[PDB]
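**Student:** This one's a deposited entry, sequence included:
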Amino acid sequence: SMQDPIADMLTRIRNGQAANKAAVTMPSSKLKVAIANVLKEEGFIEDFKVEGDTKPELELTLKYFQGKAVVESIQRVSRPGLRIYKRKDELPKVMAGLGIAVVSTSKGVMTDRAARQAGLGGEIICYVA
Amino acid sequence: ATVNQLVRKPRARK
Amino acid sequence: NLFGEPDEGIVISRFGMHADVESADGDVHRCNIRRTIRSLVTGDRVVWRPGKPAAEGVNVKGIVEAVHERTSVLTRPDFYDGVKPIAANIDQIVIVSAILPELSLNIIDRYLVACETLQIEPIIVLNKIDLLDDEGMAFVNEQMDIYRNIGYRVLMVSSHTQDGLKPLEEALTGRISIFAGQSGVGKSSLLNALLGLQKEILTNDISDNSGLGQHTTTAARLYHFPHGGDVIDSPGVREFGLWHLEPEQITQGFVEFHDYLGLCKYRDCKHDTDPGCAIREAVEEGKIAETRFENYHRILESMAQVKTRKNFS
RNA sequence: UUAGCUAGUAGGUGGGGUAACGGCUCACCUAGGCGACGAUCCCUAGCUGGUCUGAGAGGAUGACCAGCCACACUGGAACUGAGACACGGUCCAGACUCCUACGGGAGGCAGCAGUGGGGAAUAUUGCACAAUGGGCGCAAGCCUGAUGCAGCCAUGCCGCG
RNA sequence: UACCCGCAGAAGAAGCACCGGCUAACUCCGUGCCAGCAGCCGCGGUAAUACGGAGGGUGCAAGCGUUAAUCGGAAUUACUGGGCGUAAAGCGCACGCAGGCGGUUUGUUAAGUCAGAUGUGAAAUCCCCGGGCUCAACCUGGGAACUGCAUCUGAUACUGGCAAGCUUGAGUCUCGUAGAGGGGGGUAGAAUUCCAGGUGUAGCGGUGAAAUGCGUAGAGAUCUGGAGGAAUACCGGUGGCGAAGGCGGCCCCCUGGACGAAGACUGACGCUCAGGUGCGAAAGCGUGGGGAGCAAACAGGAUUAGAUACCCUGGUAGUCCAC
Ligand SMILES: Nc1nc2c(ncn2[C@@H]2O[C@H](COP(=O)(O)OP(=O)(O)NP(=O)(O)O)[C@@H](O)[C@H]2O)c(=O)[nH]1
Ligand SMILES: [Mg+2]
Ligand SMILES: [Mg+2]
Ligand SMILES: [Mg+2]
Ligand SMILES: [Mg+2]
Ligand SMILES: [Mg+2]
Ligand SMILES: [Mg+2]
Ligand SMILES: [Mg+2]
Ligand SMILES: [Mg+2]
Ligand SMILES: [Mg+2]
Ligand SMILES: [Mg+2]
Ligand SMILES: [Mg+2]
Ligand SMILES: [Mg+2]
Ligand SMILES: [Mg+2]
Ligand SMILES: [Mg+2]
Ligand SMILES: [Mg+2]
Ligand SMILES: [Mg+2]
Ligand SMILES: [Mg+2]
Ligand SMILES: [Mg+2]
Ligand SMILES: [Mg+2]
Ligand SMILES: [Mg+2]
Ligand SMILES: [Mg+2]
Ligand SMILES: [Mg+2]
Ligand SMILES: [Mg+2]
Ligand SMILES: [Mg+2]
Ligand SMILES: [Mg+2]
Ligand SMILES: [Mg+2]
Ligand SMILES: [Mg+2]
Ligand SMILES: [Zn+2]
């Protein structure tokens, strides 16, 4: 059903980005905040707010160029049907280093560019292309 | 198509 | 390749990829055919070469190179098949029928029209006559007397009784004969009673229906008379190819109707809806039976229904 | 188009057993054991370090080199000895051939070549302990078809005219 | 022995395959779908660079072609990296075990994973830089590689386990509304056919046209009365219901799910499914009933070349119910 909520999060981002929507809403969680705040610090989105404490509702502000999609495509890599893990030197790049790869480690959620100074590996979340 | 289907039986090489 | 002596021999039968060729002494020797041959029929004298034996005394086939000219030909057209010759090089045909399953008269009439365009003399021969009574036999004899006034010889035989076989053989020697007829009219059994042929195959005989007849034996197999001449068996045929010529030739397809031409009112006549037809006056007089005249325009009205789409050679 | 398999089988006591633990063996006691994460049955196959192919992931295979296991005409058994259930040790049976005075014995080229035969197809019935390794001996020395070499085979790679 | 000095003179030392396109190279003659060629496409019956030969050339080279075999090309068993409306393919449908997977908050364990380190992954082969044999092949120094496995110390975001939860997921109650949902038992009226009676007369019936068939024992038609059988006009509509096949007169009884409103309440109780399990159009099969109409086989008449089919008059099995 909603068994991969991160893949449900990537579905709601990719649709409203392409369909010229100004802002989207989604059910919040701890892990969804730990991904959207990284995308806010990497220039892909604008802002996020939390609403509700018994039903946590996350909101995302979209971002455009001249009415053109900033996030052109995003790819869920690991999934509950097949888990993907890499080491500190087998971290894949997106568009040969242009896009970022969201990898959550013990030192929080960071990119593979940020995992060079950290020297860790773990679960690949999404290819932000 | 499903990876979990190939756990039971792999792709049958002719 | 590596062929033998060019010589003249008689083709026994036709098998598509190959043919059975009898030599000049009585040797069954199967051969294939040349690619440029337009047609090859049963009983056609050809130029052929018997290959070469690979093992000494054991050969497989030869080839049939060339085909001689035709004395006669039996061309009957068909829907979506075209004009196809069945047999050729013959002087006499014998129309063979039986009282079972049916004895029609329209099957008789269009072989008469065909033989008028081939200069061949057909002979009406009935089989299975032992099953009827003398009351029924006298009626069938009466219906063939009309076919006796028109000049065609009628010999009425039976295979399981051996009646009339000796007068059937006296007029039949020195010639080749087609035993034409429908399916299951006693074609194979009359071949057994005349020849005395090799009884170890002796035919394929399956004709068992509710009211019908079956065509089990194939197109034509060649054998020889004890006196002289050849035999040609015929398929069980229910077809009538009249795509050949004009209905002026239909008037020529009947013997006694020759002597009554040029006697009607007009110079052209349909002979059915035209006033004062002298052919119709001859039927009303009784010198021509009305069974033939009603079947005569049935042939002409069959040309109103076969002609419809189109066909040409 | 193999779903149930298994009674020394699974476990325990005690005796016995080998160099060592142990159903390895024996009596008794228990009724369990294995198995849809493939037990069991049938067929096929020596395996691995690797070679070859492929951008890689994968794919096909296991000759030469090296490591290990099994096997030494077929089958079974034990002795000897630190080490074998023993390629050129023995014993018994079967199969085949040889010798014979008819009663008997002899033999194991999957060692080097080499013959017969099979098959599309694979070699001289060569030389030497000079070197290396091993065996015996205090050493000298001897032995080594291991190996070092030579010939044949455009069989492959590479170089030149 | 390699090596080296010296001698004589180009003297002792080049072939095979191809030549339409793929794929490098074009003309000519001979032959006449014959011979042949060929891996594919397909060439040649009167002008063939494709056959045979010649001329000339191309690609290789002491080798050159062919055959057989493995992978690649082939993303053509698709993990990387394929599809399933009609190209081959979504079981007829539903329930559900094992298996896979799982919302949200916190703590804990560090299981999976990740970081570091030790030990190990024999040598040779491959890779990196060298050295050596006149060169190369080949031999060889050290390093890297061998992405493996085992152990210890770490980090806790995610996945797993435990613990306490939370409510939007999934459920429970009440008030309601719609429906051919299923099963069982009655009941109605047309129409069909049979039978009884009445009035009534020469054809009824059927087809393109006719015939078989029925009827002066009075058919057919009409009216009265009765019997049996099966189906439910109109309503009725890309209308409704059911997991699906499917389900239609009305009424009662039993019973199933679906949906909506207002709240209350349990607290992931869920999704999915190989074997297994049940339902599942009609035909047909077994036993015992039932019998109008329709109707395989078959009877009979037209059609026809024959009619076996079509058309028509009849007609059994079956269609009906129980099991
Ligand atoms: N009572 C009887 N039966 C006969 C007579 N002649 C032939 N038959 C039978 O009729 C049947 C048909 O004979 P057949 O010759 O096979 O017929 P056909 O015409 O050759 N058949 P097809 O068309 O297959 O070649 C056979 O069973 C044969 O025994 C006869 O005179 N009397
Ligand atoms: Mg016959
Ligand atoms: Mg013990
Ligand atoms: Mg060796
Ligand atoms: Mg070895
Ligand atoms: Mg041993
Ligand atoms: Mg032994
Ligand atoms: Mg030996
Ligand atoms: Mg040998
Ligand atoms: Mg041989
Ligand atoms: Mg070119
Ligand atoms: Mg050639
Ligand atoms: Mg020419
Ligand atoms: Mg060379
Ligand atoms: Mg091949
Ligand atoms: Mg592939
Ligand atoms: Mg495809
Ligand atoms: Mg299809
Ligand atoms: Mg379906
Ligand atoms: Mg190594
Ligand atoms: Mg080394
Ligand atoms: Mg090396
Ligand atoms: Mg060099
Ligand atoms: Mg009624
Ligand atoms: Mg509560
Ligand atoms: Mg039955
Ligand atoms: Mg009918
Ligand atoms: Mg029944
Ligand atoms: Zn006239």
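**Tutor:** Arrived safely, thanks for sending. Numbering: from 1, shown residues only, chains lettered A, B, ... in the order given. Ligands and ions are numbered 1, 2, ... in the order given.

**Student:** Can you tell me the element residue C:144 falls in?
**Tutor:** Element membership of residue C:144, judged by DSSP states H and E, is helix C:134-149.

**Student:** Name the surrounding residues that touch that helix.
**Tutor:** Residues outside helix C:134-149 that contact it (CB atoms under 8 Å, 6 or more residues apart in numbering or on different chains) are C:99, C:103, C:105, C:108, C:124, C:126, C:129, C:132, C:154, C:156, C:256, C:289, C:291-292. C-betas here are computed from N, CA, C, even on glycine.

**Student:** Which of the residues you listed fall within strands?
**Tutor:** Counted as lying in strands by DSSP state E, out of the contacts of helix C:134-149, are C:124, C:126, C:154, C:156.

**Student:** how many other residues sit next to the last one?
**Tutor:** Okay, so that is residue C:156. 17 (other CB atoms under 10 Å in any protein chain shown).

**Student:** what pairs with it across the strands?
**Tutor:** For residue C:156, the beta-bridge partners under DSSP bridges are residue C:126.

**Student:** can you tell me if the helix holding residue C:144 touches ligand 1.
**Tutor:** No - Helix C:134-149 does not reach ligand 1 (CB under 6 Å from any ligand atom); its nearest approach is 12.8 Å.

**Student:** Against chain A, how distant is the closest residue to residue C:77 other than its chain neighbours?
**Tutor:** If the residues on either side of it in the chain are set aside, residue C:77 comes closest to residue C:241, at 4.1 Å by CB to CB, 6 or more residues apart in numbering or on different chains. Residue C:241 sits 73 Å away from chain A, going by CB to the nearest CB, to the nearest Å.

**Student:** Residue C:241: helix or strand, and which one exactly?
**Tutor:** In the assignment (DSSP H and E), residue C:241 maps to no helix and no strand.

**Student:** Next up, the contacts around it.
**Tutor:** When contacts are counted by CB under 8 Å, 6+ apart, residue C:241 touches C:75, C:76, C:77, C:78, C:83.

**Student:** Which members of the residues you listed are the farthest-apart pair?
**Tutor:** Spatial extent of the contacts of residue C:241 (CB to CB) is set by the pair C:75 and C:78 at 10.6 Å.

**Student:** picking up where we left off before, by neighbours, which of the contacts of helix C:134-149 wins?
**Tutor:** residue C:126 (23 neighbours).

**Student:** ok so, going back, mind putting the ones in strands among the contacts of helix C:134-149 into CSV with distance to residue A:50?
**Tutor:** Formatted as CSV, the ones in strands among the contacts of helix C:134-149 follow (distance: CB to CB, whole Å):
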residue, distance to residue A:50
C:124, 111
C:126, 110
C:154, 115
C:156, 114
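
**Student:** just the residues you listed that are near RNA strand E?
**Tutor:** Contacts with RNA strand E within these, counted by CB under 7 Å from any atom of the strand: none were found.

**Student:** Turn those residues into JSON lines, including distance to ligand 29.
**Tutor:** What follows is the ones in strands among the contacts of helix C:134-149, written out as JSON lines (distance: CB to the ion, whole Å):
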{"residue": "C:124", "distance to ligand 29": "27"}
{"residue": "C:126", "distance to ligand 29": "33"}
{"residue": "C:154", "distance to ligand 29": "29"}
{"residue": "C:156", "distance to ligand 29": "34"}
